[PDB]
file entry.cif (mmCIF, C-alpha atoms)
data_input
loop_
_atom_site.label_atom_id
_atom_site.label_comp_id
_atom_site.auth_asym_id
_atom_site.auth_seq_id
_atom_site.Cartn_x
_atom_site.Cartn_y
_atom_site.Cartn_z
CA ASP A 1 0.00 0.00 0.00
CA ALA A 2 3.09 2.31 0.25
CA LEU A 3 6.52 1.65 -1.27
CA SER A 4 9.60 3.21 0.26
CA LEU A 5 11.59 5.13 -2.32
CA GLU A 6 14.45 2.71 -1.67
CA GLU A 7 12.30 -0.31 -2.69
CA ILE A 8 11.39 1.54 -5.88
CA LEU A 9 15.06 2.22 -6.54
CA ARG A 10 15.98 -1.44 -6.00
CA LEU A 11 13.21 -2.93 -8.20
CA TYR A 12 13.93 -0.66 -11.19
CA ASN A 13 17.60 -0.85 -10.23
CA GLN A 14 17.96 2.58 -11.89
CA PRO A 15 17.53 6.25 -10.95
CA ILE A 16 14.25 8.15 -10.79
CA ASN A 17 13.77 10.56 -13.66
CA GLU A 18 13.84 14.30 -13.33
CA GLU A 19 10.09 14.67 -13.10
CA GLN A 20 9.80 12.07 -10.38
CA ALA A 21 12.31 14.16 -8.35
CA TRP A 22 10.25 17.29 -8.90
CA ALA A 23 7.17 15.27 -7.75
CA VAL A 24 8.66 13.62 -4.64
CA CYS A 25 9.96 17.06 -3.70
CA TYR A 26 6.64 18.71 -4.03
CA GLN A 27 4.50 15.85 -2.65
CA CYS A 28 6.94 15.44 0.16
CA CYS A 29 7.18 19.02 1.44
CA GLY A 30 3.48 19.27 1.02
CA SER A 31 3.36 16.56 3.60
CA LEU A 32 5.94 18.14 5.82
CA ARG A 33 4.22 21.50 5.63
CA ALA A 34 1.06 19.87 6.78
CA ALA A 35 2.77 18.02 9.63
CA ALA A 36 4.39 21.11 11.05
CA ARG A 37 0.91 22.61 10.94
CA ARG A 38 -0.09 20.03 13.49
CA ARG A 39 3.24 20.74 15.25
CA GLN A 40 4.93 17.34 14.75
CA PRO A 41 8.53 16.46 15.70
CA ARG A 42 10.84 17.27 12.77
CA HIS A 43 12.71 14.29 11.31
CA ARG A 44 15.84 14.40 9.23
CA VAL A 45 15.91 12.57 5.86
CA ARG A 46 18.65 9.97 6.56
CA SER A 47 18.16 7.52 3.69
CA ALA A 48 15.63 6.90 0.93
CA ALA A 49 14.03 4.28 3.11
CA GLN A 50 12.08 6.98 5.01
CA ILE A 51 10.37 8.36 1.95
CA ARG A 52 7.10 6.42 1.87
CA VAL A 53 5.28 6.71 -1.49
CA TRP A 54 1.56 6.15 -1.30
CA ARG A 55 -0.95 4.36 -3.60
CA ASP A 56 -3.10 7.51 -3.57
CA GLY A 57 0.02 9.43 -4.65
CA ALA A 58 1.20 11.16 -1.48
CA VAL A 59 4.78 11.21 -0.32
CA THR A 60 5.45 11.25 3.37
CA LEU A 61 8.69 11.18 5.32
CA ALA A 62 8.92 8.38 7.93
CA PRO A 63 10.95 8.55 11.17
CA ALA A 64 14.46 6.98 10.80
CA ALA A 65 15.93 3.81 12.36
CA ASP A 66 15.97 6.26 15.34
CA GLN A 67 17.51 20.19 18.27
CA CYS A 68 16.69 20.22 14.51
CA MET A 69 15.26 23.00 12.30
CA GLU A 70 13.16 23.17 9.15
CA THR A 71 15.97 24.24 6.77
CA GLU A 72 17.73 21.04 7.85
CA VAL A 73 14.85 18.80 6.76
CA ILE A 74 14.63 20.58 3.38
CA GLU A 75 18.39 19.91 2.95
CA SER A 76 18.42 16.29 4.02
CA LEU A 77 15.51 15.76 1.76
CA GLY A 78 17.31 17.44 -1.20
CA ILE A 79 20.21 15.06 -0.64
CA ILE A 80 18.20 11.85 -0.76
CA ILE A 81 16.60 13.26 -3.90
CA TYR A 82 20.02 13.88 -5.45
CA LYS A 83 21.17 10.40 -4.40
CA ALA A 84 17.97 8.83 -5.87
CA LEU A 85 18.41 10.84 -9.13
CA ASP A 86 21.85 9.34 -9.05
CA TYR A 87 21.26 5.53 -8.63
CA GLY A 88 23.87 3.17 -10.10
CA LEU A 89 26.48 5.64 -11.29
CA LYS A 90 30.10 5.32 -10.16
CA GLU A 91 32.29 8.09 -8.68
CA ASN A 92 33.93 9.46 -11.83
CA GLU A 93 30.52 10.10 -13.37
CA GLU A 94 27.68 12.45 -12.46
CA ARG A 95 24.28 12.98 -14.14
CA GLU A 96 23.52 15.97 -16.40
CA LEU A 97 20.71 17.64 -14.43
CA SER A 98 18.40 19.98 -16.32
CA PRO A 99 19.46 23.45 -14.99
CA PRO A 100 16.25 24.44 -13.07
CA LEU A 101 16.56 21.11 -11.27
CA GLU A 102 20.28 21.28 -10.45
CA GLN A 103 19.34 24.77 -9.34
CA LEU A 104 16.54 23.47 -7.06
CA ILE A 105 18.71 20.70 -5.41
CA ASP A 106 21.68 23.02 -5.08
CA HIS A 107 19.37 25.39 -3.22
CA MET A 108 17.77 22.83 -0.91
CA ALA A 109 21.19 21.44 0.00
CA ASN A 110 23.34 24.64 0.04
CA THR A 111 25.50 24.11 -2.99
CA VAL A 112 25.65 27.41 -4.94
CA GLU A 113 27.78 30.19 -6.53
CA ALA A 114 16.52 31.85 -1.19
CA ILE A 115 14.79 28.77 0.40
CA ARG A 116 14.02 28.85 4.15
CA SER A 117 10.82 26.77 4.39
CA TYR A 118 8.92 23.92 2.89
CA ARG A 119 6.51 26.38 1.27
CA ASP A 120 9.45 27.95 -0.65
CA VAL A 121 10.31 24.49 -2.05
CA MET A 122 6.83 23.90 -3.52
CA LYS A 123 6.67 27.37 -5.11
CA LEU A 124 9.79 26.19 -6.93
CA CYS A 125 8.53 22.69 -7.88
CA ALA A 126 5.34 24.32 -9.07
CA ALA A 127 7.28 26.85 -11.06
CA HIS A 128 8.59 23.97 -13.12
CA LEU A 129 5.24 23.57 -14.91
CA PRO A 130 3.77 25.41 -17.94
CA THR A 131 0.84 26.28 -15.66
CA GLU A 132 1.79 26.98 -12.07
CA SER A 133 -1.74 26.14 -10.81
CA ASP A 134 -1.40 22.52 -12.04
CA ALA A 135 1.20 21.38 -9.48
CA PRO A 136 -0.86 19.60 -6.77
CA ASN A 137 -2.67 17.49 -9.43
CA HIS A 138 0.26 16.82 -11.69
CA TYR A 139 2.67 15.83 -8.98
CA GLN A 140 -0.03 13.63 -7.54
CA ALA A 141 -0.60 11.75 -10.78
CA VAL A 142 3.19 11.49 -11.44
CA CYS A 143 3.71 9.81 -8.06
CA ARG A 144 0.45 7.92 -8.23
CA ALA A 145 1.92 6.47 -11.44
CA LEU A 146 5.40 5.79 -10.08
CA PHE A 147 3.60 3.64 -7.52
CA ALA A 148 1.36 1.92 -10.04
CA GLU A 149 4.18 1.24 -12.50
CA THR A 150 6.46 -0.08 -9.74
CA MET A 151 3.81 -2.49 -8.52
CA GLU A 152 3.64 -3.84 -12.06
CA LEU A 153 7.25 -4.96 -11.61
CA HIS A 154 6.16 -6.70 -8.33
#
call {"tool": "encode", "arguments": {"input": "entry.cif", "output": "structure tokens"}}
result
Amino acid sequence: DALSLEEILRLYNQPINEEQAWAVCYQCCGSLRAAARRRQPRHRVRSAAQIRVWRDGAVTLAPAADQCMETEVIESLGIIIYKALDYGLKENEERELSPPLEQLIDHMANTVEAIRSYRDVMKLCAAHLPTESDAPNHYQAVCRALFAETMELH
């Protein structure tokens, strides 16, 4: 009923595509934003195991095998996302990321030459679309589908 992003990465044994990153990012903060709104303990994104992907097409961060501020969660999330977008490459090689995406990840994880809150992140994910107002439906579908298609592999 929910696949961890790490299960999805093992079954396909390949990286998520750009869009899927944009999705997981949006979906995921959207869940974090709505958990801080109920004032819930903030968890760091340790590994892609914690990123539960839902049938209905939500993405929610789990608590890890185990203070800490918002900007930190954003960052640790951005990192897993990079790492996922990275699956199965060696050291010498890194993936050509489409600039607005590099630019998103670099900003979430502090790798640049602003973004202080989950909200900020979504405004950016949503900016990636031809119509800004489409985000919450598109990024559902996208994830909804990444679940469906992964269950087809079993």
call {"tool": "residues_around", "arguments": {"input": "entry.cif", "residues": "region 79-84 of chain A", "least_positions_apart": "5", "cutoff": "10 Å", "atoms": "all atoms listed in the file", "output": "PyMOL selection string"}}
result
chain A and resi 5-6+8-9+14-18+20-22+24-25+45-51+73-74+89+95+97+101-102+105-106+108-109
call {"tool": "atom_distance", "arguments": {"input": "entry.cif", "atom1": "CA of residue 59 (chain A)", "atom2": "CA of residue 145 (chain A)"}}
result
12.4 Å
call {"tool": "residues_around", "arguments": {"input": "entry.cif", "residues": "residue 122 (chain A)", "least_positions_apart": "6", "cutoff": "12 Å", "atoms": "only C-alpha atoms", "output": "ChimeraX atom specification"}}
result
/A:22-33,74,104,108,115-116,128-129,132-136,139
call {"tool": "closest_residue", "arguments": {"input": "entry.cif", "among": "A:123, A:37, A:43, A:55", "to": "residue 140 (chain A)", "atoms": "only C-alpha atoms"}}
result
A:55
call {"tool": "atom_distance", "arguments": {"input": "entry.cif", "atom1": "CA of residue 1 (chain A)", "atom2": "CA of residue 54 (chain A)"}}
result
6.5 Å
call {"tool": "atom_distance", "arguments": {"input": "entry.cif", "atom1": "CA of residue 120 (chain A)", "atom2": "CA of residue 42 (chain A)"}}
result
17.2 Å
call {"tool": "resolve_selection", "arguments": {"input": "entry.cif", "expression": "the PyMOL selection byres ((chain A and resi 148-150) around 9)", "output": "PyMOL selection string"}}
result
chain A and resi 3+8+11-12+55+143-147+151-154
call {"tool": "closest_residue", "arguments": {"input": "entry.cif", "among": "A:60, A:13, A:71, A:40", "to": "residue 117 (chain A)", "atoms": "all atoms listed in the file"}}
result
A:71
call {"tool": "closest_residue", "arguments": {"input": "entry.cif", "among": "A:125, A:94, A:75, A:88", "to": "residue 111 (chain A)", "atoms": "all atoms listed in the file"}}
result
A:75
call {"tool": "closest_residue", "arguments": {"input": "entry.cif", "among": "A:44, A:35, A:96, A:130", "to": "residue 68 (chain A)", "atoms": "only C-alpha atoms"}}
result
A:44
call {"tool": "closest_residue", "arguments": {"input": "entry.cif", "among": "A:99, A:19, A:70, A:64", "to": "residue 39 (chain A)", "atoms": "all atoms listed in the file"}}
result
A:70
call {"tool": "decode", "arguments": {"input": "entry.cif", "residues": "region 105-129 of chain A", "atoms": "N, CA and C atoms", "output": "mmCIF file, in the first residue's frame"}}
result
data_model
loop_
_atom_site.group_PDB
_atom_site.id
_atom_site.type_symbol
_atom_site.label_atom_id
_atom_site.label_comp_id
_atom_site.auth_asym_id
_atom_site.auth_seq_id
_atom_site.Cartn_x
_atom_site.Cartn_y
_atom_site.Cartn_z
ATOM 1 N N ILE A 105 17.843 21.555 -6.254
ATOM 2 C CA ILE A 105 18.707 20.699 -5.411
ATOM 3 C C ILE A 105 19.879 21.451 -4.776
ATOM 4 N N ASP A 106 20.638 22.167 -5.594
ATOM 5 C CA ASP A 106 21.683 23.016 -5.082
ATOM 6 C C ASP A 106 21.139 23.961 -3.994
ATOM 7 N N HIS A 107 19.902 24.419 -4.158
ATOM 8 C CA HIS A 107 19.366 25.390 -3.219
ATOM 9 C C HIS A 107 18.865 24.780 -1.968
ATOM 10 N N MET A 108 18.175 23.643 -2.086
ATOM 11 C CA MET A 108 17.768 22.834 -0.912
ATOM 12 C C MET A 108 18.956 22.361 -0.076
ATOM 13 N N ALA A 109 20.049 21.989 -0.729
ATOM 14 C CA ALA A 109 21.187 21.438 -0.002
ATOM 15 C C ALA A 109 22.412 22.390 0.243
ATOM 16 N N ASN A 110 22.324 23.627 -0.235
ATOM 17 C CA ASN A 110 23.344 24.642 0.044
ATOM 18 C C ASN A 110 24.597 24.426 -0.785
ATOM 19 N N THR A 111 24.413 24.412 -2.088
ATOM 20 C CA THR A 111 25.501 24.111 -2.990
ATOM 21 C C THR A 111 25.445 25.083 -4.183
ATOM 22 N N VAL A 112 25.902 26.321 -3.980
ATOM 23 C CA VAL A 112 25.650 27.410 -4.937
ATOM 24 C C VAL A 112 26.825 28.404 -5.140
ATOM 25 N N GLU A 113 26.954 28.980 -6.345
ATOM 26 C CA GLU A 113 27.782 30.194 -6.529
ATOM 27 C C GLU A 113 27.377 31.115 -7.687
ATOM 28 N N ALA A 114 16.197 32.758 -2.326
ATOM 29 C CA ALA A 114 16.518 31.850 -1.187
ATOM 30 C C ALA A 114 15.408 30.818 -0.794
ATOM 31 N N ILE A 115 15.747 29.853 0.063
ATOM 32 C CA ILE A 115 14.790 28.771 0.398
ATOM 33 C C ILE A 115 14.710 28.364 1.890
ATOM 34 N N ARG A 116 13.960 29.102 2.710
ATOM 35 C CA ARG A 116 14.016 28.855 4.155
ATOM 36 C C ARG A 116 12.880 27.998 4.784
ATOM 37 N N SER A 117 12.053 27.385 3.934
ATOM 38 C CA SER A 117 10.819 26.774 4.393
ATOM 39 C C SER A 117 10.195 25.917 3.360
ATOM 40 N N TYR A 118 9.556 24.850 3.796
ATOM 41 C CA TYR A 118 8.915 23.923 2.888
ATOM 42 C C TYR A 118 8.144 24.652 1.812
ATOM 43 N N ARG A 119 7.277 25.581 2.222
ATOM 44 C CA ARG A 119 6.506 26.383 1.272
ATOM 45 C C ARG A 119 7.390 26.804 0.089
ATOM 46 N N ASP A 120 8.489 27.498 0.377
ATOM 47 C CA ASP A 120 9.445 27.946 -0.645
ATOM 48 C C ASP A 120 9.740 26.853 -1.689
ATOM 49 N N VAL A 121 9.982 25.636 -1.197
ATOM 50 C CA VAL A 121 10.310 24.489 -2.049
ATOM 51 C C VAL A 121 9.217 24.204 -3.089
ATOM 52 N N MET A 122 7.963 24.161 -2.635
ATOM 53 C CA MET A 122 6.828 23.901 -3.520
ATOM 54 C C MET A 122 6.682 24.983 -4.609
ATOM 55 N N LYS A 123 6.715 26.247 -4.188
ATOM 56 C CA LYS A 123 6.666 27.373 -5.113
ATOM 57 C C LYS A 123 7.658 27.157 -6.254
ATOM 58 N N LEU A 124 8.779 26.516 -5.935
ATOM 59 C CA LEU A 124 9.787 26.185 -6.928
ATOM 60 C C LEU A 124 9.428 24.967 -7.783
ATOM 61 N N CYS A 125 9.007 23.859 -7.161
ATOM 62 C CA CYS A 125 8.533 22.686 -7.876
ATOM 63 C C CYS A 125 7.419 23.063 -8.834
ATOM 64 N N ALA A 126 6.511 23.894 -8.330
ATOM 65 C CA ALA A 126 5.335 24.324 -9.069
ATOM 66 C C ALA A 126 5.716 25.269 -10.190
ATOM 67 N N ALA A 127 6.865 25.908 -10.074
ATOM 68 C CA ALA A 127 7.277 26.851 -11.056
ATOM 69 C C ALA A 127 7.749 26.086 -12.258
ATOM 70 N N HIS A 128 8.051 24.813 -12.059
ATOM 71 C CA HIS A 128 8.587 23.973 -13.121
ATOM 72 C C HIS A 128 7.560 23.595 -14.191
ATOM 73 N N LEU A 129 6.299 23.943 -13.977
ATOM 74 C CA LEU A 129 5.238 23.572 -14.907
ATOM 75 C C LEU A 129 4.825 24.724 -15.831
#
